[PDB]
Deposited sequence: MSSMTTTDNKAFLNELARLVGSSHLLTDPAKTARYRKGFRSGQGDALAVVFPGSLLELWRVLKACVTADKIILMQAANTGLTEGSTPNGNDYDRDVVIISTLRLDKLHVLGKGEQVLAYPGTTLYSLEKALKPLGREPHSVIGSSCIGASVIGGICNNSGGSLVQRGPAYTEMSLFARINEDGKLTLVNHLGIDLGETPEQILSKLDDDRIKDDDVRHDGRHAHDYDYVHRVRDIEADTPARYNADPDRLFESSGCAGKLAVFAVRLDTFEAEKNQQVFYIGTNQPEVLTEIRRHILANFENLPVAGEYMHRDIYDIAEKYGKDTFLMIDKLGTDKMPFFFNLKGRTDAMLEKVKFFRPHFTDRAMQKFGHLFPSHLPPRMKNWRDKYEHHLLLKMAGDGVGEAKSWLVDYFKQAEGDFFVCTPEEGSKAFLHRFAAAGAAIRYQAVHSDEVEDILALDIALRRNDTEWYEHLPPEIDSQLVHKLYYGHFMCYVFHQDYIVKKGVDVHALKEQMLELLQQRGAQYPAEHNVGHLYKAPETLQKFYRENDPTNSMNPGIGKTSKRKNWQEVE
């Protein structure tokens, strides 16, 4: 072991290797939960260094945990406990932060540390927008980390993060580390050639091939509008979005992804909708999905309790006081006039009301909605020895569900101090965080709640992935194994075996 570590320090430099528990704690603890021991955290500075570190880990038979930023919410980006059969090496990819724009910006090559934030910035002067907008973009979520988790932001027209074109390393059945270039870009024959070409930014449009594979989720547009389908719009175990790097959850080492970007959206307007009747929001969604020509850009839901705890903008304060259910509907281009006209008519009849945001209201509303997650976490710490731990569920309802707002069995409802509800309303993806009464068996509660969701036909992790909080369905387990036959990369994800060879 003294030798393996010296090799790492030789490959990335001693200032880019951490072994002291007190120093690695920063990378061993999950954003909301999850924690474990790790032998080392290494920070390669080039893709070629990443390759050599992976090779050194495979030859020392270590477990590899790829990490970018670590905003994963279900403990799947940090070690889970200490019972691994081999030492764990966390490879932080955050220094690999270059970005390569292809052509006029219609596609990009993102590297392991490229942040969504930097992607947004580089595309803006090109008149393009990224494929994803998630609550964690403001705190540095990475592009590749979202592809690995099939992340789903607030962007209603884009689907969960997805691409069939990527460059990644895979430990095969024989335990051999292999580099697989499925980027559809000619980069060379050896790892040195391929990775240097990319590290030196010597890729030009001439190296690029155009072949029909998809660099985003095609037709989510269609799937999201099908309000008569009896399955959800998107969920982590959805087999059609599990492709190589897409949904890999750390089971491969993703070096690069080729992704589609989109034309920037014209003139956006946020419509702040509030109501006390769940059915009024249900019909806004159903009518827009079935009848609008223009899909919204975003449609974020916030219940009042989560509103208060997340908590200023006076009109929002007014809406909070008047309405329990809020829908932040962002339209763009023509959808603005379409939404404004239909809402004016709809609310002359339907119970609540709405207003057209001022740039300041609109940004503060979204900033408030995001942060919902951090909220519950902080309410917990405040009331630590008085409430159990936070029970957080991530769910995707059947597209034709007529009752999205849950009415739990009275005996389950009574065990909750608070019920925090927020989500991506148009996609029927909801995050439900509960503050549970002191003395309640949280594990038993969760099990009861998961049974009710199965009964409702919902799927669960929707966007956050299974991590170590959810059991991976058969589709996922089979995918994880195909990618990592030796089970040497982020091992027990989805409550699966943590041991070598599974």
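Chemist: So which bits of the deposited sequence did not make it into the model?
Modeler: No C-alpha coordinates exist for 1 to 8, 320 to 376, 568 to 571.
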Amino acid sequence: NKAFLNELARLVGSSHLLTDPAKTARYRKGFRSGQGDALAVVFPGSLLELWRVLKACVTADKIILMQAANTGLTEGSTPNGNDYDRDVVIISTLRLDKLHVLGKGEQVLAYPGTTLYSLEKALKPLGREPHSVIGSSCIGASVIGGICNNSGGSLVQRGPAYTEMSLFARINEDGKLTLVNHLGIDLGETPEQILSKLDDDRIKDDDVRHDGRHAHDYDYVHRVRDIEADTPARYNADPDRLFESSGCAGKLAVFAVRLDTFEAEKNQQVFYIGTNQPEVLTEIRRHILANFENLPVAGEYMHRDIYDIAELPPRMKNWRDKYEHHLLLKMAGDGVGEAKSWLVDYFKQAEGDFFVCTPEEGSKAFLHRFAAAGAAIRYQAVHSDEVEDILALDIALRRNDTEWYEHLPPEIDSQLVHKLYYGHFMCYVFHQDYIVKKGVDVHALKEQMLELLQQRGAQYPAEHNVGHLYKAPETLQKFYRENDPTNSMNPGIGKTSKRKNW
From here on, numbers count along this sequence of modelled residues.
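Chemist: Give the stretch, out of 256 to 264 and 330 to 338, with the larger mean C-alpha temperature factor in the deposited entry.
Modeler: Mean CA B-factor is higher for 330 to 338.
Chemist: Is the mean CA B factor in the deposited entry higher across 175 to 183 or across 406 to 414?
Modeler: Going by the record's values, the stretch with the higher mean is 406 to 414.
Chemist: Would you mind checking which of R286, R95, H131, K364 has the top Cα temperature factor in the PDB entry?
Modeler: Most elevated C-alpha B-factor of the set, per the entry: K364.
Chemist: Going by the CA temperature factor in the entry, name the top one among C427, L102, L126, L295.
Modeler: Comparing C-alpha B-factors across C427, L102, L126, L295, the top value belongs to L295.
Chemist: Should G212 be placed in the lowest, middle or highest third of its chain by the C-alpha B factor in the entry?
Modeler: For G212, the deposited C-alpha B-factor lands in the highest third.
Chemist: For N291, does the deposited CA B-factor place it in the lowest, middle or highest third of the chain?
Modeler: Tercile = highest for this residue's CA B-factor.
Chemist: Select lowest, middle or highest to describe the third in which the CA B-factor of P239 falls within its chain in this entry.
Modeler: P239: CA B-factor falls in the middle third of its chain.
Chemist: Using the B-factors in the PDB entry, rank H303's C-alpha atom against the chain and give the third, lowest, middle or highest.
Modeler: Its C-alpha B-factor belongs to the middle third of this chain's values.
Chemist: Would you mind ranking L18 by its C-alpha B-factor against the rest of the chain and naming the third, lowest, middle or highest?
Modeler: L18: CA B-factor falls in the middle third of its chain.
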